[PDB]
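In: sequence first, structure after; it's an experimental one.
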Amino acid sequence: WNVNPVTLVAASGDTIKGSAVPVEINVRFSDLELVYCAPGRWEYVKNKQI
Amino acid sequence: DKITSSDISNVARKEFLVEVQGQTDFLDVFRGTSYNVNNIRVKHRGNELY
């Protein structure tokens, strides 16, 4: 991560956040937790890298 | 729900437009408690001498 980026996708369905357009991680270290959350929403937290 | 840590606790600053002349001192420096002697910034918009 960084270098060649991540690409995270909530495809149509239930948005990760907002637009749900694929959110891309160029952050070098990163750790991902997103849950399916009742407002059809997948919340991942501020690119915590550790 | 991403959570954040910050700076301002470990970095803060305050700047004075001078009036009335006089004003040879500045009290409390920044509002409360203690300034720390070891690191000093006085700026005339030139950064005043050590």
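Out: Thanks, I have the structure now. Numbers count the residues shown, from 1 in each chain, chains lettered A, B, ... in the order given.

In: show me the strands in chain A, by range?
Out: Secondary structure of chain A (DSSP state E): strands at A:35-37, A:41-43.

In: contact residues of chain B facing chain A?
Out: For chain B, the residues in contact with chain A (Cβ under 8 Å from any Cβ of the partner chain) are B:1, B:2, B:3, B:4. All C-beta spots, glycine's among them, are computed from the backbone N, C-alpha and C.

In: among those residues, who's most crowded?
Out: Among the residues of chain B next to chain A, residue B:2 has the most neighbours (other Cβ atoms under 10 Å in any protein chain shown), with 10 neighbours.

In: what's the closest non-adjacent residue to that residue?
Out: residue A:46 (3.1 Å; Cβ to Cβ, 6 or more residues apart in numbering or on different chains).

In: for residue B:48, same thing?
Out: residue B:42 (3.7 Å).

In: give me the neighbour count for the one you found.
Out: Neighbours around residue B:42, by other Cβ under 10 Å: 10.

In: that one reaches residue B:35, doesn't it?
Out: No: with contacts counted by Cβ atoms under 8 Å, residue B:42 stays clear of residue B:35, the gap being 11.2 Å.
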